[PDB]
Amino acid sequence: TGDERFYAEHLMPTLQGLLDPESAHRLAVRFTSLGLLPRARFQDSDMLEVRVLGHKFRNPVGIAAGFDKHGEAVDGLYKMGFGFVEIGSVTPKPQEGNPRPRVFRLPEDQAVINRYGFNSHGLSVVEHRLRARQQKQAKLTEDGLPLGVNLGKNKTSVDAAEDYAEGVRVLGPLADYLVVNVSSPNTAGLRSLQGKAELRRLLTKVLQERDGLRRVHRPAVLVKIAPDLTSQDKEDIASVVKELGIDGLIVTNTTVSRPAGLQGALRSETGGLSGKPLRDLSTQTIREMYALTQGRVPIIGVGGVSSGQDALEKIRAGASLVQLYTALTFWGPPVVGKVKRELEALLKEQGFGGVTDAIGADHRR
């Protein structure tokens, strides 16, 4: 399309040239929240529908956590053509996050580095914002457009598991799925929650709170992991997830690594790296986690998706669904319909009847 080219070659470079990346993001949330978007000509076909996590998903491409941290733009994100929306991460109490500047563009690498540090309106604000549209979301979910809520922990919290439990109780009743995000690179000690005895302790507590919700308000629970984990960490996670019956994994968050070859001037800023340089590290992480779980645990694949090929690589590696964020910052809203159109074309070219048939296909070769 002409929209894809206009956004990619004129509008997004112009906004990037005029605004620092945090300003640009704030303006994008605002625009999106108002539905001021090119609006998606792409009509989802049947072959893009996926059933997983106790829901129908009209298409398998979601917006990753971090774009709509506070649940302000959910409707606008469906209008952009996302098959599912994840908000957050949301912390129990409001908190401001790190001082600015705290997000940086690496245009020569099609990458971003961020260190927001869980800026969050907090659970009560987000609860009331979702309650104001609760029935509109119920109808969206029923029509195949589910809602995920990503839960974080406060910087000064003295008990991490209790922070997650409070999130389950408060936002669980309003979500189709919850995410225990234990993989932000930007909160001290958080990624240690990914180790064994303490992952099992944490997730048992979270699941017990989830199971204590009334049946119609009881969400799936997924664990979001980093791309930087050791072999041992990955094996431990797989074992716990199977043992507790966790509903799924989100693979991956941003990387603390700095792959060789980054060209951006800002490559050595502290934070998590996203976008193209993360792509194959995330794909490979999916591949390993799918094999370690025997293909029995749904995976949402994320990191560096900017095309149908990128989406399909993750699906064939084991993802049932994918998400993207950073690609938007570079290509804008038309990238969503692009990914979907390309993915549909590729599935037909490679002999798959739909997305579902492609899930984990590389492990059967």
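Don't overthink the numbering: it's just position in the shown sequence, from 1. What we label the rigid core is the largest C-alpha set whose atoms superpose within 1.5 Å from one form to the other.
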property	result
Higher-deviation segment by CA RMS in 9 other deposited structures of this protein, core fitted, 126-134 or 195-203	195-203
Higher-deviation stretch (C-alpha RMS, rigid core fit) in 9 other deposited structures of this protein, choosing from 39-47 and 305-313	39-47
Mean C-alpha B-factor comparison - 75-83 and 274-282, higher one	75-83
Higher-scoring stretch by recorded Cα B factor average, 12-20 or 353-361	12-20
Given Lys340, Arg41, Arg316, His70, the residue at which the Cα B factor reaches its maximum	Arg41
Options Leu53, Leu312, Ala327, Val322 - largest CA temperature factor per the record	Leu53
Chain third (lowest, middle, highest) by recorded CA B-factor, residue given as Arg258	lowest
Chain-relative CA temperature factor third for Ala65	lowest
Third of chain Cα B-factors occupied by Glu108	middle
Chain-relative CA temperature factor third for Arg200	highest
CA B-factor ranking of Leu27, expressed as a third of its chain	highest
